[PDB]
Amino acid sequence: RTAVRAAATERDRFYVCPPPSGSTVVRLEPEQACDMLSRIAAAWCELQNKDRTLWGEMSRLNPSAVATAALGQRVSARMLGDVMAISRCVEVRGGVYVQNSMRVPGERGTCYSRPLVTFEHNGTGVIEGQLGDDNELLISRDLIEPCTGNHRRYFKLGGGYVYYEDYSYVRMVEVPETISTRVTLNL
Amino acid sequence: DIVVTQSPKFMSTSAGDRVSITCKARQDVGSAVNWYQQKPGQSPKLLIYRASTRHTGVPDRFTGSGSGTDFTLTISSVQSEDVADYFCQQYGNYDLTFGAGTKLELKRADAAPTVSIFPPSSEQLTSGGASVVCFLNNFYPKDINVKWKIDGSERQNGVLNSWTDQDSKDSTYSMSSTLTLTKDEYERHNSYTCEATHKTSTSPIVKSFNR
Amino acid sequence: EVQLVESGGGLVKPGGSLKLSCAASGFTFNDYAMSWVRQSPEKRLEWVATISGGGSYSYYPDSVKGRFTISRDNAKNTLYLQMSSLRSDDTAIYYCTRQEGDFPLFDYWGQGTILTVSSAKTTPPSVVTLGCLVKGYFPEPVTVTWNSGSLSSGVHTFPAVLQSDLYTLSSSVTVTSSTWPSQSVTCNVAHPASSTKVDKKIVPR
C-alpha cells in the first residue's frame, strides 16, 4: 500500500531531536536540606529528596525524558559520565504523512517496528524518517522486525493515536479508556 | 520460545464421522495459527491459516477454530484420503514452532492377523548368522504384543519390530518382527516360535517350526 | 503451477559441511520469502531458516545459528542452505518452503541428510505368504519391488529400522497357494548409494 494518511496535532507537537554535542551540559538539583504548616514543608522537602533518588536512576537510562520534564520542554539528552548534554528538539510543521504499510519494500518477509513517516521541513527539504516514541520523529528508517502474524499496535500519532493491523494501516483512533495513578485531592 | 503442545499423538475415528484436534500455544497468538496435512509418503500441505480460514484448494469438511491459546482443527465427515499426520504451527513469534503432530485412523473393521513365521535363509547361515521373520498382515487395531520363544523360552533381547502404516484400500495395520541371533546360537536350539497377543483373540495366536 | 525442487543431501561425517539448493519455478521469485524446514527421523518439523524476498535479511533458531547460512539468488530463482559444524542430530529430511506473507505455504519435495559411519551394502537373505529380508545396509534409501512392479496387491513392504548401526527392512507378499512355485517369484532390491542391485528368486528348500 503505497498510500500515506496525512496528519496534524495540536499542543502535542511533533518534534525531531538532533544528537546533542556538549554545547550545554547540566546536572540535577540534588537533595536540599529542610506550626501545622511547618510539618507540611518538612515532609514535602523529604519527599522531593527521596523522589530525587528515583529521578537519578531514570536519568541514567532515559535522560531525554528527565530533561523534558525538568525543563517542561521537548529535549534530546544523553549522559557524559555523571552529567547530561542537551539540545532543544525542533518542532515540525509541514505535512506529516504516515505510510500505510509497515512492510519493508524489497525484503518481503521483514517489516518495520513502527510506522514509516514522510515529512518536510526541519532545516530543510523532505525527510524519510519513522515514528518515534511519543512524537519523536526519527530521521532513520531502521526499526525493523520480521513479520509476525497477529501484529496489532497502537502508536501515538501526534494528538491522537493510530491503529495498525497485520503490519498495515487501519484508521485513526482516540484511545477512550484512560487509566491513572493520578491522586486528586478534594478541595 | 512459544512452545506449542499438540496432544494427542494418536486419534482414531470412523468413516464419514466427526473429528477434531487440539493445539495449546503457551502465550497468546490470537488469530495466527496454522494446520498442515501430511499424507503418508508426501511432504506437508498447507490447510488452514490465521486460524479457521482455508487455503485455496482444501475441501470444506475441514474447519479450524478458536484463538488466544486454544486452537482446534475439526473435520466434518471423514473420507479415505483424510487419514494422514496432522501438524499445527504458530506464527506470532520467531522462533517458529510446530506441534508434535497427531495421527489419524479409520475404523473398518478390526480383524485377525495372518501370522506366518520364516526360517533363516540357506545363504544367510553361510555368511554367519540367523534371522527369523514373523509377519502379521491385515489386523486391527494397531495394538498387538508379539513375543518370541526359543524352545518354549521367551526372548526380547535382539528383536526389531516394524509396524506398517494403515492400509489405504482396507485400513488394516500390519507388522514385522526379526529375531536376529548368531549361527552358533541358532545351532544349539530346535523349536522356534513367535506368539501374538491381539484384542481379536482370546488366546495367543501362534506359528512355530523345528530344526 | 508453483513448483519446487531441492537437492544436496546424502551422508556426512560429523563436524562436516554441506550446501543444499532449491530450484523455484512457477511464481515471481523475489515477491516471496523463502524458508527451510526439517523433519526429524519421525516428526517435529524444526524450522531451520527463513530469508527475505530481496536477500537482505534472514532469521534463525538459536539451535542452528552460526552453523547454518541461508542465502538466495534471484537471477535464476534458487535458494541455498549452507550447513557447517554439521552435527549428528541435523540428520533429517529437508523441505525447502515458500512463505505467503508470514509462514510456509507450498512445501517442497523433501531432501534427506544423514551422519557418521559408512556405506555398508545390503544382503537380502530370501524368505500362502512369502518375503524378502534386506539387511545390514546404510544409508537410506533402498528399493524393493516384486517381479519389477507387477505385483500390485499382496505387498506389505515394512519401514526400515536402524540396528546397532545399520539399517534393515523386510517385505511380505501373499499369493494363491497353488500359483507358487508354478511361476517362481522375484524380489527386486536396489541400494543406489552402493550401486547394488539384486533380483532374488524365492526358492523352496
# chains A, B, ... in the order shown; residues from 1 in each chain; ligands from 1
>>> residues_around(residues="residue C:83", least_positions_apart="6", cutoff="9 Å", atoms="only C-alpha atoms", output="short mmCIF file (atom, residue, chain, number, x, y, z; two decimals) with C-alpha atoms, in the first residue's frame")
data_model
loop_
_atom_site.label_atom_id
_atom_site.label_comp_id
_atom_site.auth_asym_id
_atom_site.auth_seq_id
_atom_site.Cartn_x
_atom_site.Cartn_y
_atom_site.Cartn_z
CA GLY C 16 31.27 -31.85 8.21
CA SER C 17 29.91 -29.23 5.80
CA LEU C 18 27.13 -29.34 3.21
CA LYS C 19 25.35 -26.91 0.86
CA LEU C 20 21.73 -27.62 -0.12
CA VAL C 64 21.19 -23.77 14.18
CA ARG C 67 26.36 -23.16 11.90
CA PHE C 68 23.84 -22.66 9.07
CA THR C 69 23.75 -19.89 6.43
CA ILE C 70 20.63 -19.25 4.32
#
>>> closest_atom_pairs(of="stretch 36-152 of chain A", to="stretch 45-61 of chain C", cutoff="6 Å", atoms="only C-alpha atoms", output="JSON lines")
{"residue": "A:106", "atom": "CA", "partner": "C:54", "partner_atom": "CA", "distance": 5.1}
{"residue": "A:107", "atom": "CA", "partner": "C:54", "partner_atom": "CA", "distance": 4.7}
{"residue": "A:108", "atom": "CA", "partner": "C:53", "partner_atom": "CA", "distance": 4.6}
{"residue": "A:109", "atom": "CA", "partner": "C:52", "partner_atom": "CA", "distance": 5.0}
>>> write_last_selection(atoms="C-alpha atoms", output="PDB file, in the first residue's frame")
ATOM      1  CA  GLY A 106      12.282  -5.161  -1.072  1.00  0.00           C
ATOM      2  CA  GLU A 107      12.701  -7.520   1.854  1.00  0.00           C
ATOM      3  CA  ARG A 108       9.377  -9.192   1.507  1.00  0.00           C
ATOM      4  CA  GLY A 109       9.163 -11.115   4.766  1.00  0.00           C
TER       5      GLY A 109
END
>>> closest_residue(among="B:141, B:16, B:128, B:101", to="residue B:75", atoms="only C-alpha atoms")
B:16
>>> residues_around(residues="stretch 167-175 of chain C", least_positions_apart="2", cutoff="8 Å", atoms="only C-alpha atoms", output="PDB file with N, CA, C and O atoms, in the first residue's frame")
ATOM      1  N   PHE B 135       5.650 -62.242  10.199  1.00  0.00           N
ATOM      2  CA  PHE B 135       4.742 -61.212   9.708  1.00  0.00           C
ATOM      3  C   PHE B 135       3.377 -61.384  10.288  1.00  0.00           C
ATOM      4  O   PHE B 135       2.995 -62.472  10.681  1.00  0.00           O
ATOM      5  N   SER B 176       6.033 -56.496  11.201  1.00  0.00           N
ATOM      6  CA  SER B 176       7.079 -57.495  11.016  1.00  0.00           C
ATOM      7  C   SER B 176       7.877 -57.588  12.295  1.00  0.00           C
ATOM      8  O   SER B 176       7.801 -56.705  13.141  1.00  0.00           O
TER       9      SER B 176
ATOM     10  N   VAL C 128      -0.970 -68.502   0.665  1.00  0.00           N
ATOM     11  CA  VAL C 128       0.390 -68.555   1.225  1.00  0.00           C
ATOM     12  C   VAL C 128       1.129 -67.221   1.180  1.00  0.00           C
ATOM     13  O   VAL C 128       0.961 -66.449   0.232  1.00  0.00           O
ATOM     14  N   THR C 129       1.979 -66.989   2.183  1.00  0.00           N
ATOM     15  CA  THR C 129       2.736 -65.743   2.321  1.00  0.00           C
ATOM     16  C   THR C 129       4.239 -66.013   2.384  1.00  0.00           C
ATOM     17  O   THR C 129       4.687 -66.919   3.088  1.00  0.00           O
ATOM     18  N   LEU C 130       4.987 -65.184   1.649  1.00  0.00           N
ATOM     19  CA  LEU C 130       6.445 -65.267   1.483  1.00  0.00           C
ATOM     20  C   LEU C 130       7.079 -63.891   1.773  1.00  0.00           C
ATOM     21  O   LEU C 130       6.370 -62.959   2.173  1.00  0.00           O
ATOM     22  N   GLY C 131       8.391 -63.744   1.553  1.00  0.00           N
ATOM     23  CA  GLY C 131       9.048 -62.461   1.808  1.00  0.00           C
ATOM     24  C   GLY C 131      10.496 -62.303   1.391  1.00  0.00           C
ATOM     25  O   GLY C 131      11.020 -63.107   0.621  1.00  0.00           O
ATOM     26  N   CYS C 132      11.120 -61.245   1.919  1.00  0.00           N
ATOM     27  CA  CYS C 132      12.434 -60.752   1.470  1.00  0.00           C
ATOM     28  C   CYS C 132      13.054 -59.929   2.596  1.00  0.00           C
ATOM     29  O   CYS C 132      12.481 -58.910   2.989  1.00  0.00           O
ATOM     30  N   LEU C 133      14.196 -60.363   3.124  1.00  0.00           N
ATOM     31  CA  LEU C 133      14.796 -59.696   4.287  1.00  0.00           C
ATOM     32  C   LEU C 133      16.056 -58.993   3.875  1.00  0.00           C
ATOM     33  O   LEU C 133      17.092 -59.627   3.731  1.00  0.00           O
ATOM     34  N   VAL C 134      15.967 -57.674   3.752  1.00  0.00           N
ATOM     35  CA  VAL C 134      17.078 -56.828   3.328  1.00  0.00           C
ATOM     36  C   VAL C 134      17.796 -56.311   4.583  1.00  0.00           C
ATOM     37  O   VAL C 134      17.199 -55.643   5.418  1.00  0.00           O
ATOM     38  N   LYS C 135      19.079 -56.611   4.711  1.00  0.00           N
ATOM     39  CA  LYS C 135      19.731 -56.448   5.986  1.00  0.00           C
ATOM     40  C   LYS C 135      21.123 -55.857   5.869  1.00  0.00           C
ATOM     41  O   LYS C 135      21.782 -56.021   4.847  1.00  0.00           O
ATOM     42  N   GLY C 136      21.536 -55.146   6.924  1.00  0.00           N
ATOM     43  CA  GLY C 136      22.925 -54.720   7.132  1.00  0.00           C
ATOM     44  C   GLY C 136      23.437 -53.584   6.261  1.00  0.00           C
ATOM     45  O   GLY C 136      24.642 -53.526   5.987  1.00  0.00           O
ATOM     46  N   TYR C 137      22.541 -52.670   5.868  1.00  0.00           N
ATOM     47  CA  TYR C 137      22.797 -51.695   4.796  1.00  0.00           C
ATOM     48  C   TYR C 137      22.707 -50.271   5.300  1.00  0.00           C
ATOM     49  O   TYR C 137      22.044 -50.003   6.279  1.00  0.00           O
ATOM     50  N   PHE C 138      23.358 -49.357   4.598  1.00  0.00           N
ATOM     51  CA  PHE C 138      23.437 -47.975   5.021  1.00  0.00           C
ATOM     52  C   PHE C 138      23.960 -47.122   3.878  1.00  0.00           C
ATOM     53  O   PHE C 138      24.871 -47.562   3.193  1.00  0.00           O
ATOM     54  N   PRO C 139      23.432 -45.922   3.631  1.00  0.00           N
ATOM     55  CA  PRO C 139      22.328 -45.292   4.356  1.00  0.00           C
ATOM     56  C   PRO C 139      21.003 -45.431   3.621  1.00  0.00           C
ATOM     57  O   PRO C 139      20.914 -46.162   2.626  1.00  0.00           O
ATOM     58  N   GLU C 140      19.980 -44.736   4.115  1.00  0.00           N
ATOM     59  CA  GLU C 140      18.700 -44.684   3.425  1.00  0.00           C
ATOM     60  C   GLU C 140      18.989 -44.074   2.054  1.00  0.00           C
ATOM     61  O   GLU C 140      19.847 -43.190   1.974  1.00  0.00           O
ATOM     62  N   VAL C 144      12.617 -51.987  -2.731  1.00  0.00           N
ATOM     63  CA  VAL C 144      12.009 -53.305  -3.031  1.00  0.00           C
ATOM     64  C   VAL C 144      10.831 -53.137  -3.975  1.00  0.00           C
ATOM     65  O   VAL C 144      10.060 -52.191  -3.866  1.00  0.00           O
ATOM     66  N   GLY C 154      -1.162 -57.615  -2.450  1.00  0.00           N
ATOM     67  CA  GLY C 154      -0.410 -58.545  -1.607  1.00  0.00           C
ATOM     68  C   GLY C 154       0.744 -57.938  -0.823  1.00  0.00           C
ATOM     69  O   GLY C 154       1.081 -58.443   0.248  1.00  0.00           O
ATOM     70  N   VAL C 155       1.312 -56.836  -1.324  1.00  0.00           N
ATOM     71  CA  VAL C 155       2.628 -56.344  -0.896  1.00  0.00           C
ATOM     72  C   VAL C 155       2.496 -55.598   0.432  1.00  0.00           C
ATOM     73  O   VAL C 155       1.565 -54.819   0.607  1.00  0.00           O
ATOM     74  N   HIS C 156       3.418 -55.863   1.359  1.00  0.00           N
ATOM     75  CA  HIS C 156       3.479 -55.170   2.658  1.00  0.00           C
ATOM     76  C   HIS C 156       4.932 -54.893   3.025  1.00  0.00           C
ATOM     77  O   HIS C 156       5.452 -55.422   4.012  1.00  0.00           O
ATOM     78  N   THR C 157       5.574 -54.054   2.212  1.00  0.00           N
ATOM     79  CA  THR C 157       6.962 -53.637   2.440  1.00  0.00           C
ATOM     80  C   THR C 157       7.065 -52.782   3.718  1.00  0.00           C
ATOM     81  O   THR C 157       6.547 -51.669   3.781  1.00  0.00           O
ATOM     82  N   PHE C 158       7.722 -53.323   4.737  1.00  0.00           N
ATOM     83  CA  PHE C 158       7.780 -52.667   6.034  1.00  0.00           C
ATOM     84  C   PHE C 158       8.781 -51.521   6.001  1.00  0.00           C
ATOM     85  O   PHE C 158       9.685 -51.528   5.157  1.00  0.00           O
ATOM     86  N   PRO C 159       8.603 -50.513   6.884  1.00  0.00           N
ATOM     87  CA  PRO C 159       9.618 -49.486   7.139  1.00  0.00           C
ATOM     88  C   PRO C 159      10.934 -50.033   7.659  1.00  0.00           C
ATOM     89  O   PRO C 159      10.977 -51.085   8.311  1.00  0.00           O
ATOM     90  N   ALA C 160      11.991 -49.282   7.386  1.00  0.00           N
ATOM     91  CA  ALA C 160      13.333 -49.646   7.802  1.00  0.00           C
ATOM     92  C   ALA C 160      13.482 -49.479   9.293  1.00  0.00           C
ATOM     93  O   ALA C 160      12.668 -48.837   9.945  1.00  0.00           O
ATOM     94  N   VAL C 161      14.534 -50.068   9.827  1.00  0.00           N
ATOM     95  CA  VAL C 161      14.879 -49.915  11.230  1.00  0.00           C
ATOM     96  C   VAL C 161      16.385 -49.845  11.330  1.00  0.00           C
ATOM     97  O   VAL C 161      17.065 -50.605  10.652  1.00  0.00           O
ATOM     98  N   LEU C 162      16.910 -48.959  12.169  1.00  0.00           N
ATOM     99  CA  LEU C 162      18.340 -48.949  12.390  1.00  0.00           C
ATOM    100  C   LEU C 162      18.679 -49.930  13.495  1.00  0.00           C
ATOM    101  O   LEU C 162      18.061 -49.931  14.555  1.00  0.00           O
ATOM    102  N   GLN C 163      19.690 -50.749  13.222  1.00  0.00           N
ATOM    103  CA  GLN C 163      20.022 -51.929  14.009  1.00  0.00           C
ATOM    104  C   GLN C 163      20.988 -51.417  15.091  1.00  0.00           C
ATOM    105  O   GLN C 163      20.629 -50.469  15.805  1.00  0.00           O
ATOM    106  N   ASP C 165      24.133 -50.258  14.108  1.00  0.00           N
ATOM    107  CA  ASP C 165      24.468 -49.095  13.300  1.00  0.00           C
ATOM    108  C   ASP C 165      24.198 -49.242  11.789  1.00  0.00           C
ATOM    109  O   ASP C 165      24.764 -48.508  10.970  1.00  0.00           O
ATOM    110  N   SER C 177      -2.274 -70.151  -2.953  1.00  0.00           N
ATOM    111  CA  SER C 177      -1.382 -71.254  -2.515  1.00  0.00           C
ATOM    112  C   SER C 177      -0.825 -72.149  -3.639  1.00  0.00           C
ATOM    113  O   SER C 177       0.265 -72.713  -3.498  1.00  0.00           O
ATOM    114  N   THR C 179      -0.349 -71.056  -7.131  1.00  0.00           N
ATOM    115  CA  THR C 179       0.416 -70.301  -8.158  1.00  0.00           C
ATOM    116  C   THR C 179       1.936 -70.173  -7.935  1.00  0.00           C
ATOM    117  O   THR C 179       2.686 -69.875  -8.878  1.00  0.00           O
ATOM    118  N   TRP C 180       2.371 -70.375  -6.693  1.00  0.00           N
ATOM    119  CA  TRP C 180       3.778 -70.532  -6.356  1.00  0.00           C
ATOM    120  C   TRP C 180       3.996 -72.000  -5.934  1.00  0.00           C
ATOM    121  O   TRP C 180       3.192 -72.511  -5.152  1.00  0.00           O
TER     122      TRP C 180
END
>>> interface_residues(of="chain A", to="chain C", cutoff="10 Å", atoms="only C-alpha atoms", output="ChimeraX atom specification")
/A:103-110,145-150,166
>>> atom_distance(atom1="atom CA of residue A:142", atom2="atom CA of residue B:95")
21.2 Å
>>> closest_atom_pairs(of="chain B", to="chain C", cutoff="6 Å", atoms="only C-alpha atoms", output="Markdown table")
| residue | atom | partner | partner_atom | distance |
| --- | --- | --- | --- | --- |
| B:44 | CA | C:107 | CA | 5.9 |
| B:46 | CA | C:105 | CA | 5.6 |
| B:95 | CA | C:61 | CA | 5.6 |
| B:100 | CA | C:44 | CA | 5.5 |
| B:121 | CA | C:125 | CA | 5.5 |
| B:124 | CA | C:125 | CA | 5.6 |
| B:164 | CA | C:158 | CA | 5.5 |
>>> select_by_dssp(residues="stretch 103-184 of chain C", states="helix (DSSP H, G or I)", output="JSON, numbers by chain")
{"C": [179, 180, 181, 182]}
>>> residues_around(residues="stretch 170-174 of chain B", least_positions_apart="5", cutoff="7 Å", atoms="only C-alpha atoms", output="short mmCIF file (atom, residue, chain, number, x, y, z; two decimals) with C-alpha atoms, in the first residue's frame")
data_model
loop_
_atom_site.label_atom_id
_atom_site.label_comp_id
_atom_site.auth_asym_id
_atom_site.auth_seq_id
_atom_site.Cartn_x
_atom_site.Cartn_y
_atom_site.Cartn_z
CA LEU B 106 -10.31 -45.07 10.42
CA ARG B 108 -13.48 -50.66 9.40
CA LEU B 136 1.35 -60.20 10.90
CA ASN B 137 -0.62 -58.84 7.99
CA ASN B 138 -4.15 -57.43 7.94
CA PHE B 139 -5.18 -56.80 11.54
CA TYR B 140 -6.94 -54.15 13.62
CA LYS B 142 -2.64 -51.26 15.75
CA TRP B 163 4.75 -51.62 12.02
CA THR B 164 3.35 -50.61 8.63
CA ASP B 165 1.24 -47.53 8.05
#
>>> residues_around(residues="stretch 6-15 of chain C", least_positions_apart="2", cutoff="7 Å", atoms="only C-alpha atoms", output="PyMOL selection string")
chain C and resi 4+17+19-23+85-88+96+109+111-116
>>> residues_around(residues="residue A:126", least_positions_apart="4", cutoff="12 Å", atoms="only C-alpha atoms", output="PyMOL selection string")
chain A and resi 92-97+117-122+139
>>> closest_atom_pairs(of="chain B", to="chain A", cutoff="9 Å", atoms="only C-alpha atoms", output="JSON lines")
{"residue": "B:29", "atom": "CA", "partner": "A:150", "partner_atom": "CA", "distance": 6.6}
{"residue": "B:30", "atom": "CA", "partner": "A:150", "partner_atom": "CA", "distance": 6.3}
{"residue": "B:31", "atom": "CA", "partner": "A:150", "partner_atom": "CA", "distance": 6.1}
{"residue": "B:32", "atom": "CA", "partner": "A:149", "partner_atom": "CA", "distance": 5.2}
{"residue": "B:33", "atom": "CA", "partner": "A:149", "partner_atom": "CA", "distance": 8.3}
{"residue": "B:50", "atom": "CA", "partner": "A:149", "partner_atom": "CA", "distance": 7.6}
{"residue": "B:90", "atom": "CA", "partner": "A:149", "partner_atom": "CA", "distance": 8.5}
{"residue": "B:91", "atom": "CA", "partner": "A:149", "partner_atom": "CA", "distance": 5.5}
{"residue": "B:92", "atom": "CA", "partner": "A:149", "partner_atom": "CA", "distance": 5.0}
{"residue": "B:93", "atom": "CA", "partner": "A:148", "partner_atom": "CA", "distance": 6.1}
{"residue": "B:94", "atom": "CA", "partner": "A:148", "partner_atom": "CA", "distance": 7.6}
>>> select_by_dssp(residues="chain B", states="strand (DSSP E)", output="number ranges by chain")
B: 4-5, 19-25, 33-38, 45-49, 53-54, 62-63, 70-75, 85-90, 97-98, 102-103, 114-117, 129-139, 147-150, 154-155, 159-163, 173-182, 192-195, 206-209
>>> atom_distance(atom1="atom CA of residue B:130", atom2="atom CA of residue B:198")
26.8 Å
>>> residues_around(residues="residue A:66", least_positions_apart="5", cutoff="10 Å", atoms="only C-alpha atoms", output="number ranges by chain")
A: 28, 55-56, 58-61, 71-72, 75-77
>>> atom_distance(atom1="atom CA of residue A:87", atom2="atom CA of residue A:27")
14.3 Å
